[PDB]
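Working notes for the structure below.
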Amino acid sequence: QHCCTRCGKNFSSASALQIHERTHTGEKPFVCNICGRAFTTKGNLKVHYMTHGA
DNA sequence: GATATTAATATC
DNA sequence: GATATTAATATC
Ligand SMILES: [Zn+2]
Ligand SMILES: [Zn+2]
């Protein structure tokens, strides 16, 4: 029953609405300790993290 | 919240 | 065109 303010998207988790707000604003709180790439979700940062590790 | 999934994008 | 990466989001 969560909704969004900048656009009209309903969300499931409240954390989901928070990350999607980050999708509007540009807050990418997860910093790659190797390269400087920053990410919205921790999972996306782990995704990228796999890249240099191999 | 973590993870998996799809669509979109950068790299070649 | 193929492939790797990313961005956003459904699913658990
Ligand atoms: Zn929104
Ligand atoms: Zn990195």
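Because the Cβ atoms are built from the backbone with ideal geometry, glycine has one as well, and the counts that use them run over all protein chains shown. Where a number appears in this text, it was derived from the coordinates with a stated rule and is not lab data.
Descriptive notes on the structure:
- Against the list (1) of a type outside the set (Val, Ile, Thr); (2) within 11 Å of DNA strand B (Cβ to nearest atom); (3) touching a residue at least 12 places away in the same chain (Cβ under 8 Å), the condition A:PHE11 fails is (3).
- Residues that are in a loop (DSSP other than H, G, I, E, B) and either within 7 Å of ligand 1 (Cβ to nearest atom) or within 13 Å of A:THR40 (Cβ to Cβ) (or both), drawn from the range A:6-22: A:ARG6, A:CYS7, A:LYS9
- Number of residues in the range A:17-51 that are hydrophobic (A, V, I, L, M, F, W, C), closer than 15 Å to A:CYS4 by Cβ and more than 6 Å from DNA strand C (Cβ to nearest atom): the value is 1.
- Residues located in the range A:1-24, provided they are polar (S, T, N, Q) and over 28 Å from A:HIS52 (Cα atoms): A:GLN1, A:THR5, A:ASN10, A:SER12, A:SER13, A:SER15, A:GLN18
- Taking first residues from the range A:34-45 that are aliphatic (A, V, I, L, M) and partners that are part of a helix (DSSP H, G or I), the Cβ contacts under 7 Å between residues at least 6 apart in sequence or on separate chains come to A:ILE34/A:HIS52.
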